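Chains as they are written, first to last, in the working numbering: chain A, 66 to 504; chain B, 16 to 116; chain C, 101 to 514.
Each remark here refers to the structure printed beneath this line.
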Amino acid sequence: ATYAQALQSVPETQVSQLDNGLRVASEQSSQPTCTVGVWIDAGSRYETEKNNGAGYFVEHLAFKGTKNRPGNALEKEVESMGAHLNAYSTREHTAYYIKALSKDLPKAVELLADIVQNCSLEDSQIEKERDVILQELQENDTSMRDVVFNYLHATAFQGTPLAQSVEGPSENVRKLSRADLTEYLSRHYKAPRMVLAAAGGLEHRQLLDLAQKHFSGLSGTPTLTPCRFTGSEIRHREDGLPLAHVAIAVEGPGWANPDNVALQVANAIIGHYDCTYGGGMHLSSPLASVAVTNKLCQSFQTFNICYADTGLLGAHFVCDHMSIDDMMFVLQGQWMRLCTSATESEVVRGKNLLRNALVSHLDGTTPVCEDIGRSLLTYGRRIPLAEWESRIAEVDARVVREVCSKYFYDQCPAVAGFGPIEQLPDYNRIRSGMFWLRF
Amino acid sequence: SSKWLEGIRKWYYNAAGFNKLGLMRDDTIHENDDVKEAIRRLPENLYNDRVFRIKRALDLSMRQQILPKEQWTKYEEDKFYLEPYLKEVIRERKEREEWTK
Amino acid sequence: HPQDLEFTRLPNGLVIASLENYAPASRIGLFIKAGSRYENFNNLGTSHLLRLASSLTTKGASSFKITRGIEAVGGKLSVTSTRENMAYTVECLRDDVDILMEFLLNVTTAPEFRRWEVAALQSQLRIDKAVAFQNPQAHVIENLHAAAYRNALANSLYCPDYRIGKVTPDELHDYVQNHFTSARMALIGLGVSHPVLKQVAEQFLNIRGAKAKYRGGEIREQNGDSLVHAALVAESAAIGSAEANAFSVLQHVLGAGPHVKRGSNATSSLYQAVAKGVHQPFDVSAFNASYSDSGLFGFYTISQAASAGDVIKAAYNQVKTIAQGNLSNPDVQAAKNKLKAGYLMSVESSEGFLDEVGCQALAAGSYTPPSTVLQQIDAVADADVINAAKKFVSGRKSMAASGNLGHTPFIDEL
C-alpha cells in the first residue's frame, strides 16, 4: 500500500439534523459494539458568577433518580444491559456517552434520552450528593496537576466565564437550590447545541430513525462572548510538597486558524518527557537530551489546549526546586531556537510525530466519537483524514518561523507556580529572557 | 622493505623514554572528553593496573629518577588496550555528526 | 470490507498472524514466553532489567542509530511483560515497517548490553520501582502472588531491593542464550501483509521451566496510612477450561469494576450486600489470575481500618451463600452478557486486540475467533458456577494485607 492507499480507504461519517435543533451524526465501523453519546456545548463558559459549578453538579447528579424509573433503576438497567456509562464536563464541552453492545441499541438510545432530557431531582439527593461533592473536593485537593491547570486558567482569564472552575468554589456548592439548577438546565441546553454522535456497528439510517423515535419531544426552541487573555503570574508557595509543578502558557489561536496545526507541529517537536523512558542520552529532542544530561526535570509536557478562538498554548514541567531556573532557561532557549533558526529536519521529524500521534489517537470507539462530537459542536463539520494529510503537507519551516514570530516572540505569559517556588524567578526574568536580543 | 619500518619503530620506542618510567602506550594519552569516556568505560582490573603504573611514574619523576634496566616494558609486549574503546567512542562521535548533518 | 486475518505457524517453532486491514496505524507485536516464571531466586530482577533495556547497542547498530532513527520515522516502541510473557509492540504508520522491523530484529537477536549503560540502567531500575510502588494496589498484588506460590510465579514484575547493582549483563546474555530461542516467538501484525512477515520471520530469527505449586499463607504489611488493603485468593482454575470461564462468570456475578461512573455497584451484588452489611465508605471487588498450568481467584478490599474485617466476614458469607446455591439464573445470564461486553470491549482498539489475540495465539497454539468464544461464554451451565464457588470455599487460603492491620483477622475469623 501507499499514501493514496492510506487516505483512500476511509469511512465518511454521515451527519444530519432533526428540526428541533438536534445535530445527529454517526460513523460506521467494523466492530461488533458501539458508542452512542450526546455532546452538549455547555461547560463553565455558559454560566454566571453566582452559580459556578452548576454543570459539574448536574453531571454528578443525573444518575440517582430519573423520571419514570426510581432511585437507581437507571444504573440498574445499565448494568442489566451490560454496558459502560460515562460523563465528563470540561470548561465548555460536556459529554454523556454510553459504550454499549449492538443488540441493546433501542434500549441504549432510550436510556440516553432518559439521561439527557428526563432527569428527576430530589432534595434528599441534593443533600447527600452535596456531601458527596464535598468529598470529591477533598479528593481533588491533592491531585496536583489539575490544581496547576486551574491556577493557569484562573489567572489567565480574569473576569470572563472561562476562568470559572468547573467544580466551583465550595461556598458556591453548599448554597444551591434545585430550582436555580434546573433553571440552568432549562436555559442552557435547549435548541441547537447538542450532537447525538454515534460510532460503530450501526447505520446513519438506523441512528436517524432512533433519533426521530426517541429524542423527538426535546422541544428545542444568547451566549458565546469573547475572552480577554490577560496574562500574569500566580504562585502558591507551599514547601510541604516534595516535587515542584510549574506551568507556563501563552495565548492559543483556537479553532478558526490552521496555526493550530502549525503549533501541533511545533509541540510535536518539543512535546513531552517523563523520567521512566528508555534511552535518555539519545533523544532527538534537544530539550529532552539536556534535561537528561543535567538531570533537571521529572517530567514535562509542551502542548496546546484551545477554546473557541482562544486558549492556552502551554507547557508544564515538574522538577525539584534546586533545578528550576535551569529548566526554564533551556525551555525558553528551545522556544527561541524555533523562533529564529527553524531548519528543515526538525520540521520533518515533527510532521512524522504529528502523523503518528494523530492517527494512533483517532482510534477505537470513544476517541472517534469524542472527535466527531466536539468537532460538530464547534466547527459545524468533521475533518476527514485527507484534510489532515493536506494540512500536514502545507506547513514547512517558513510557516514555523512565521507562527513562532507571532505567537511566542515577546508575548506576555501566564505562569502558574506550585510548591517549592523559592528559586522560581520573577516575572520580569521571564519577560526579559522570553525574547532574544540574539544573546 | 617492511622490516626496516619496524626497526625504525623499535628505535623510536626505545628513544621515546616512556619505557624508562615503566609506562605503557595507552597511559600517556591526552584528555579530551572522548578520552575521559574511554577511561570511564574500562574494566576494573586494568584500570587499577593503569593507576598503579601512573602513580609509580609520577613518583619516579618526582625524584627525577629512572627505573633499573630490568623493569623496562619491552617493545610490542605492552597491551594496546585503549584503541578498541577509544576507537568506538570516536566512532559514536562521527555518528552524531553524520546524523545531525 | 472483504478482508480478514491470515495465519501461518512456521513449523520450526514460530507463529505469524498477519491482518491486512485498511487502518493506517500499523502495529507489530512479538510475544515470547520469557516472564518471571522462567527466572529464579539467583537471577531476580533480570526480566525487569531486560524491560528497561530496550534501547541499547545491538550487533551492528548502536543505541544512537536505533533511538534517533526510530524517533526520526516517528515510530513508538512499547514493551510490556507479565509473569509469563514479554511483548515487543512497535506502533507506527502503515508504510514504514521494514526498517522498524529490522530494529526489532536487532533488539531481539542482537545482544551487546555494555556495562556502563547497565550502570545507567541500575539507576533507571531504582526510579522505575519507585514509580511502580507509589500506587498501593500493585504492591498488594505482588504480595498476593508472593503469598501463593512456592516457586517462580511468586516473583515480582520488578527488581527487588537487593538485586540493584549486583546483576551483571553477562547474566542477561546467558539468559538470552538459554531462553530467546526461535521456537518461542509469536509474531502478530496489524496493518502488515503476510509475505513481508513471512520473509522476515523466516530468514531473520534463526536460533532454534518447571511447574509452580501452591504455597498457602499470608503476608502482612503494617503501613499505618488509613487505607487498609486486603486481598484473599484461593487456587481455582488453570488456562483453557470453561471451569475458568465459569469462575469468570462467577466474578461477574460477584462484581467487577463499576460499569457506571459515580454509581454504587448496582448488579454487582457484593457491594450491595456488604453495603447492607456495613454502612461505610469502602470499595470491594473480585479478581482472577489465570495462568497456563495453574490459576487463582479471589476478592480484593479497600476499606477504612475500623471496619475492614466486618467487610471481609460479610463478603465471605456472601461467597458461602452463593456456593450453597442461593441466587438467580437470568442474573447469571446477564453476567454472561457482561463478560460478552467485556471481551468484545477488550478488543475495541488495535492495541488490546493485538495483545489478547496474540496472547491467546501463544497460549492455545492456534487462533480462535471471538464469536464462538462468546458462544462459550453463554454455553456454560449454572452448575459450573455453583461448583466453582464451592471449590473456592473448599480450598485453602492465600491472604495479602497492607495498612493499619490492627482490625483485620488472620485466618480463623475470615
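By construction, the Cβ of each residue, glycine as well, lies at the ideal position given by its N, Cα and C atoms.
Extent of the continuous alpha helix (DSSP H) to which residue i belongs
i      : result
C:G452 : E451 to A464
B:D74  : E59 to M77
C:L221 : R215 to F233
A:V355 : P351 to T358
C:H329 : From DSSP, C:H329 is part of no alpha helix (DSSP H) but of the beta strand (DSSP E) over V328 to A334.
A:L199 : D188 to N205
C:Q351 : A342 to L354
C:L119 : Here C:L119 belongs to no alpha helix (DSSP H); instead the beta strand (DSSP E) covers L114 to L119.
C:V480 : Taken as a continuous stretch (DSSP letters only), C:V480 belongs to no alpha helix (DSSP H), as it is neither H nor E.
C:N388 : C:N388 -> not in any alpha helix (DSSP H); beta strand (DSSP E) instead, spanning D383 to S390.
C:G265 : Run containing C:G265: none; DSSP gives neither H nor E here.
A:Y472 : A462 to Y472
C:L149 : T146 to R151
C:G135 : First-last for C:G135: undefined, no H or E at that position.
C:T401 : Note, C:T401: premise wrong, no alpha helix (DSSP H); beta strand (DSSP E) at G395 to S403.
Supposed close pair residue i, residue j - CB separation, criterion 8 Å
i      : j      : result
C:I412 : C:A330 : 6 Å
A:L176 : A:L139 : 7 Å
A:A178 : A:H269 : Contact doesn't hold; Cβ gap of about 18 Å is too wide.
C:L444 : C:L290 : Not confirmed; about 17 Å, so no contact.
A:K416 : A:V326 : Wrong, their Cβ atoms sit about 10 Å apart, outside the cutoff.
A:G379 : A:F368 : 6 Å
C:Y314 : C:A389 : That pair is no contact at about 13 Å.
A:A71  : C:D195 : 7 Å
C:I116 : C:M201 : In fact, because the Cβ distance is near 12 Å, the residues do not count as touching under 8 Å.
A:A314 : A:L227 : In fact, because the Cβ distance is near 13 Å, the residues do not count as touching under 8 Å.
C-beta atoms of residue i and residue j nearer than 7 Å
i      : j      : result
C:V480 : C:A337 : no
A:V395 : A:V355 : yes
C:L272 : C:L221 : no
A:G86  : A:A256 : yes
A:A353 : A:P485 : no
C:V374 : C:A441 : no
A:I191 : A:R243 : yes
A:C477 : A:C404 : no
C:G174 : A:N421 : yes
B:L75  : B:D41  : no
C:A286 : C:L462 : yes
A:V103 : A:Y161 : yes
B:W114 : C:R214 : no
C:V328 : C:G506 : no
C:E318 : C:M499 : yes
C:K133 : C:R226 : no
A:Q223 : A:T155 : no
Terminal residues of the beta strand (DSSP E) in which residue i lies
i      : result
A:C99  : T98 to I105
C:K376 : Looking at the DSSP string, C:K376 is not in any beta strand (DSSP E); the run it does join, the alpha helix (DSSP H), is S369 to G377.
C:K413 : It is not in any beta strand (DSSP E) - C:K413 instead sits in the alpha helix (DSSP H) that spans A408 to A423.
C:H245 : Per DSSP, C:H245 belongs to no beta strand (DSSP E); it is in the alpha helix (DSSP H), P236 to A246.
A:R494 : From DSSP, A:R494 is part of no beta strand (DSSP E) but of the alpha helix (DSSP H) over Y492 to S497.
A:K164 : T159 to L166
A:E114 : It is not in any beta strand (DSSP E) - A:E114 carries neither H nor E in the DSSP assignment.
Opposing strand residues paired with residue i [DSSP bridges]
i      : result
A:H381 : A:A312 and A:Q366
A:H269 : Answer by DSSP bridge pairing: none, since A:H269 is not bridged.
C:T180 : C:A187
A:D339 : A:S364
Near the ligand MN: residue i beta-carbon under 6 Å from a heavy atom
i      : result
A:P226 : This structure lacks the ligand MN; in fact it carries no ligand of any kind.
Closer than 7 Å, Cβ to any Cβ of chain C: which residues of the stretch 409 to 437 of chain A, in chain order? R414, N417, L418, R420, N421, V424, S425, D428, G429 and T430
Using Cβ-Cβ distances below 9 Å, what residues of the stretch 169 to 188 of chain C are close to chain A? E171, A172, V173, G174, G175, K176, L177 and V179
At a CB distance below 7 Å, what residues from the stretch 133 to 156 of chain A approach chain C? Give them in sequence order. If you check each beta-carbon in the stretch 133 to 156 of chain A against every beta-carbon of chain C, the ones closer than 7 Å belong to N137, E140, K141, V143, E144, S145, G147, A148, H149, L150, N151 and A152.
Below 7 Å between beta carbons is the criterion; list the residues of the stretch 134 to 165 of chain C that meet it against any residue of chain B, in chain order. Residues passing the 7 Å Cβ filter: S162, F164 and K165.
Can you pull out the residues from the stretch 116 to 136 of chain C whose beta carbon lies closer than 7 Å to at least one beta carbon of chain A? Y122, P124 and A125
What residues in the stretch 484 to 502 of chain A bring their beta carbon closer than 7 Å to a beta carbon of chain C? Contacts with chain C (Cβ-Cβ distance below 7 Å) from the stretch 484 to 502 of chain A involve no residue at all.
Which of the residues in the stretch 351 to 371 of chain C, read from start to end, lie with their CB under 8 Å from any CB of chain A? For the stretch 351 to 371 of chain C, residues whose beta-carbon sits nearer than 8 Å to a beta-carbon of chain A comprise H359, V360, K361, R362, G363, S364, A366, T367 and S368.
Contact list for the stretch 405 to 428 of chain C against chain A, Cβ threshold 7 Å: none
Proximal residues, the stretch 81 to 102 of chain A versus chain C, C-beta separation under 7 Å: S95, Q96, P97 and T98
Contact list for the stretch 209 to 242 of chain C against chain A, Cβ threshold 7 Å: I227, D228 and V231
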